[PDB]
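Asker: My structure is below; once you've seen it, I'll send some questions.
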Amino acid sequence: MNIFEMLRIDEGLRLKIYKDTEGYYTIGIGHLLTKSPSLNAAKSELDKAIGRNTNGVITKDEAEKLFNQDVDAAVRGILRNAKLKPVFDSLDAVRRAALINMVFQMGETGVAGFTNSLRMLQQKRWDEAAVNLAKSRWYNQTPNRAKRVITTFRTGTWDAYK
């Protein structure tokens, strides 16, 4: 298991524009196109992201290309963020993947706001961090995925993705 396979499990693969769990136009492996309610705006973002007139449909290779860019961007966001970087650097590789997963789903600024959870992770108080992470809109709106990510933080294993 690795961050790419973990996110493929959590995000799926769809080759036509679809609405994500929040109702926002998305394609591929959880590539958010826009929060605009305009499908035309989403189609314009997609063509810009892919570099051709897609008419709302992409190939698997194209979806994987955006996915690799999006994972890269999530990691970059962590490393440039004054609050996320020290936590990330303190973690082992498995728990690092859990943090990348959160940033992929909610964004750098969103995860950086989890001040008390981040502190508990920095302190390696894993059960306490897991309890705190679940007191969140994130957990309530996507509980099955949040449970997998939280288990990964709690145990430092891939058990929840087996």
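Ordering of the structure tokens sets the chain letters (A, B, ...); residue numbers start at 1 within each chain; ligands are numbered from 1 in the order shown.
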Residues of chain A in strand (DSSP E) according to DSSP, as a PyMOL selection string?
Answerer: chain A and resi 14-19+25-28+31-32
Asker: Mind dumping a table of every region 65-96 of chain A residue within 12 Å of region 41-49 of chain A, with the nearest atom pair and its distance in Å to one decimal, using only C-alpha atoms, sorted by chain and rising number, as a tab-separated table?
Answerer:
residue	atom	partner	partner_atom	distance
A:65	CA	A:49	CA	10.1
A:66	CA	A:49	CA	7.8
A:67	CA	A:49	CA	11.4
A:69	CA	A:49	CA	10.5
A:70	CA	A:49	CA	11.4
Asker: For the selection you just gave me, I'd like the residues written to a file as a PDB file, in the first residue's frame, keeping N, CA, C and O atoms.
Answerer:
ATOM      1  N   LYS A  65      -2.847  11.245 -14.776  1.00  0.00           N
ATOM      2  CA  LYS A  65      -1.947  12.393 -14.843  1.00  0.00           C
ATOM      3  C   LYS A  65      -2.378  13.497 -13.881  1.00  0.00           C
ATOM      4  O   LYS A  65      -1.559  14.025 -13.122  1.00  0.00           O
ATOM      5  N   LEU A  66      -3.663  13.873 -13.908  1.00  0.00           N
ATOM      6  CA  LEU A  66      -4.146  14.875 -12.964  1.00  0.00           C
ATOM      7  C   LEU A  66      -3.977  14.395 -11.530  1.00  0.00           C
ATOM      8  O   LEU A  66      -3.631  15.182 -10.644  1.00  0.00           O
ATOM      9  N   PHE A  67      -4.217  13.099 -11.292  1.00  0.00           N
ATOM     10  CA  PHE A  67      -4.085  12.538  -9.951  1.00  0.00           C
ATOM     11  C   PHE A  67      -2.663  12.691  -9.424  1.00  0.00           C
ATOM     12  O   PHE A  67      -2.457  13.103  -8.276  1.00  0.00           O
ATOM     13  N   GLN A  69      -0.459  14.895 -10.357  1.00  0.00           N
ATOM     14  CA  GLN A  69      -0.283  16.313 -10.068  1.00  0.00           C
ATOM     15  C   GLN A  69      -0.946  16.693  -8.752  1.00  0.00           C
ATOM     16  O   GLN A  69      -0.398  17.487  -7.982  1.00  0.00           O
ATOM     17  N   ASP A  70      -2.131  16.136  -8.478  1.00  0.00           N
ATOM     18  CA  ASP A  70      -2.872  16.509  -7.276  1.00  0.00           C
ATOM     19  C   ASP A  70      -2.219  15.953  -6.013  1.00  0.00           C
ATOM     20  O   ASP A  70      -2.190  16.631  -4.981  1.00  0.00           O
TER      21      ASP A  70
END
Asker: Write out as a PyMOL selection string which residues come within 8 Å of residue 71 (chain A) when counting only C-alpha atoms, dropping same-chain ones fewer than 4 positions away.
Answerer: chain A and resi 4+67+75+100+104
Asker: What would the file look like if the residues just selected were written as a CSV table (one decimal), in the first residue's frame with N, CA, C and O atoms?
Answerer:
chain,number,residue,atom,x,y,z
A,4,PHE,N,-0.7,6.7,-3.2
A,4,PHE,CA,-1.5,6.7,-4.4
A,4,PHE,C,-2.6,5.7,-4.4
A,4,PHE,O,-3.7,5.9,-4.7
A,67,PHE,N,-4.2,13.1,-11.3
A,67,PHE,CA,-4.1,12.5,-10.0
A,67,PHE,C,-2.7,12.7,-9.4
A,67,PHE,O,-2.5,13.1,-8.3
A,75,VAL,N,1.3,17.2,-1.2
A,75,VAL,CA,2.6,17.1,-0.5
A,75,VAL,C,3.2,18.5,-0.5
A,75,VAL,O,3.8,18.9,0.6
A,100,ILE,N,-1.4,13.4,4.1
A,100,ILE,CA,-1.5,13.7,2.7
A,100,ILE,C,-3.0,13.5,2.2
A,100,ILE,O,-3.6,14.3,1.5
A,104,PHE,N,-5.4,16.2,0.6
A,104,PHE,CA,-6.0,16.0,-0.7
A,104,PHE,C,-7.5,16.2,-0.7
A,104,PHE,O,-8.0,16.9,-1.6
Asker: Select from region 114-148 of chain A every residue with an atom at most 12 Å from any atom of region 9-21 of chain A, then for each give the shortest pair of atoms and their distance in Å to one decimal, using only C-alpha atoms, rows by chain and rising number, as a tab-separated table.
Answerer:
residue	atom	partner	partner_atom	distance
A:138	CA	A:21	CA	11.0
A:141	CA	A:21	CA	8.3
A:142	CA	A:21	CA	8.0
A:143	CA	A:21	CA	11.7
A:144	CA	A:10	CA	9.4
A:145	CA	A:10	CA	6.5
A:146	CA	A:10	CA	9.6
A:147	CA	A:10	CA	11.2
A:148	CA	A:10	CA	9.0
Asker: Can you work out which one of A:101, A:89, A:154, A:53 has the shortest atom-to-atom distance to residue 30 (chain A), counting only C-alpha atoms?
Answerer: A:101
Asker: Got a sec to tell me which of region 67-131 of chain A DSSP assigns to alpha helix (DSSP H), as JSON, numbers by chain?
Answerer: {"A": [67, 68, 69, 70, 71, 72, 73, 74, 75, 76, 77, 78, 79, 80, 84, 85, 86, 87, 88, 89, 90, 93, 94, 95, 96, 97, 98, 99, 100, 101, 102, 103, 104, 105, 106, 108, 109, 110, 111, 112, 115, 116, 117, 118, 119, 120, 121, 122, 126, 127, 128, 129, 130, 131]}
Asker: Next, the residues of the selection above should be written as a compact mmCIF listing (two decimals), in the first residue's frame with C-alpha atoms.
Answerer:
# COMPACT_ATOMS: atom_id res chain seq x y z
CA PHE A 67 -4.08 12.54 -9.95
CA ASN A 68 -0.29 12.52 -9.81
CA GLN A 69 -0.28 16.31 -10.07
CA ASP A 70 -2.87 16.51 -7.28
CA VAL A 71 -0.93 14.20 -4.93
CA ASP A 72 2.22 16.21 -5.65
CA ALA A 73 0.33 19.42 -4.89
CA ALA A 74 -0.97 18.02 -1.60
CA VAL A 75 2.57 17.13 -0.51
CA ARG A 76 3.88 20.52 -1.63
CA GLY A 77 1.12 22.22 0.35
CA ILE A 78 2.14 20.34 3.47
CA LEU A 79 5.84 21.15 3.07
CA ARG A 80 5.25 24.90 2.55
CA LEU A 84 1.60 21.15 8.73
CA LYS A 85 5.32 20.73 8.00
CA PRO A 86 6.50 20.07 11.61
CA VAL A 87 3.74 17.50 12.10
CA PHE A 88 4.49 15.81 8.77
CA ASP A 89 8.22 15.69 9.52
CA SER A 90 7.54 14.13 12.93
CA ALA A 93 5.76 7.19 6.41
CA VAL A 94 2.38 5.51 6.94
CA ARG A 95 0.99 8.33 9.06
CA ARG A 96 2.45 10.81 6.55
CA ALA A 97 0.17 9.23 3.95
CA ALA A 98 -2.83 9.77 6.23
CA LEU A 99 -1.97 13.46 6.45
CA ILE A 100 -1.55 13.74 2.67
CA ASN A 101 -4.94 12.05 2.26
CA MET A 102 -6.62 14.67 4.49
CA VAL A 103 -4.93 17.52 2.59
CA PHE A 104 -5.97 15.96 -0.73
CA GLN A 105 -9.61 15.86 0.41
CA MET A 106 -9.94 19.17 2.31
CA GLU A 108 -3.91 22.67 3.01
CA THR A 109 -5.64 25.54 4.83
CA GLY A 110 -8.44 23.24 6.00
CA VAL A 111 -6.17 20.63 7.59
CA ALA A 112 -3.82 23.27 9.01
CA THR A 115 -4.81 22.73 15.68
CA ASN A 116 -5.64 20.40 18.56
CA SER A 117 -5.52 17.22 16.45
CA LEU A 118 -2.21 18.28 14.92
CA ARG A 119 -0.75 18.84 18.39
CA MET A 120 -1.87 15.40 19.55
CA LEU A 121 -0.30 13.86 16.44
CA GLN A 122 2.91 15.81 17.10
CA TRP A 126 -2.40 8.39 18.81
CA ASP A 127 -5.67 7.34 20.48
CA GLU A 128 -6.24 10.88 21.72
CA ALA A 129 -5.59 12.31 18.25
CA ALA A 130 -7.99 9.78 16.75
CA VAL A 131 -10.75 10.80 19.18
Asker: So how many Å separate CA of residue 137 (chain A) and CA of residue 25 (chain A), to one decimal?
Answerer: 20.2 Å
Asker: Using only C-alpha atoms for the distances, tell me which of A:161, A:124, A:136, A:54 is nearest to residue 92 (chain A).
Answerer: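 Once distances to residue 92 (chain A) are computed over only C-alpha atoms, the minimum belongs to A:124.
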Asker: Pick the closest to residue 81 (chain A) from A:50, A:38, A:113, A:59: which is it, counting only C-alpha atoms?
Answerer: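 When distances to residue 81 (chain A) are compared using only C-alpha atoms, the smallest one comes from A:113.
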Asker: CA of residue 37 (chain A) to CA of residue 24 (chain A): how many Å, to one decimal?
Answerer: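 Computing it gives 7.3 Å between the two atoms.
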